[PDB]
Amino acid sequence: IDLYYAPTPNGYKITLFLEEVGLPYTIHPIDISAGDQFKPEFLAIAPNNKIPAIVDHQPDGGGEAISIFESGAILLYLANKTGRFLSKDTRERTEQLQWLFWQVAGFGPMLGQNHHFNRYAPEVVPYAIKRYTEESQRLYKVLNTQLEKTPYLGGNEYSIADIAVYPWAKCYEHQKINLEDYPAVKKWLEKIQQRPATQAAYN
């Protein structure tokens, strides 16, 4: 597995997964501050100009390498290939995938806008900062509400849903989120932080 990577929340999703399974991989660093993500060779693999992306040179089918962009798609592909971190039971699987989709469609995109507008003086973008601050709070509340019910996000076991959420939730301080308002999220963060693969990916 070739992983096109930068040390960002979306990059860490994939190294978390790979470190949990112990699947060999080669990191191809993409310097997103340098614009490496716009180079033609990268766009061939990842036409949306974003990391992460992978190339699997040993697809189950044999044959041509398979390239994939979108962290959610990569997680699903790898979970299917390895049979790890995603249930094969339709009910459990569907719950896990619902929360994966919730992460890629809402948690990541909106917290990312929160990150973006924190690059401005607040007085300069008052409507935007209010919008994304309030939405960040709503998202953490949704997350906390689920984690009050189940030990992991939509289930009894660590899954790709949790792997997708963790690198974003780990950044709560940058999002100006008061984690004391979300005690179940706090305990879940603490729990995932103790996993050796988490420490390895963030080393």
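Quick note: we count residues from 1 along the sequence shown, nothing fancier.
- Annotation for 119-127 versus 68-76: the higher mean temperature factor (C-alpha) is found in 119-127.
- When the two stretches 51-59 and 163-171 are set side by side, the higher mean Cα temperature factor goes to 51-59.
- Taking the PDB entry at face value, the top CA B factor among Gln113, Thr90, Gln96, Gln103 belongs to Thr90.
- Annotation for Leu179: CA B-factor lies in the highest third of the chain's modelled residues.
- In this PDB entry, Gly22 carries a Cα temperature factor that places it within the middle third of its chain's modelled residues.
- Per-chain ranking of the deposited C-alpha B factor places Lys13 in the lowest third.
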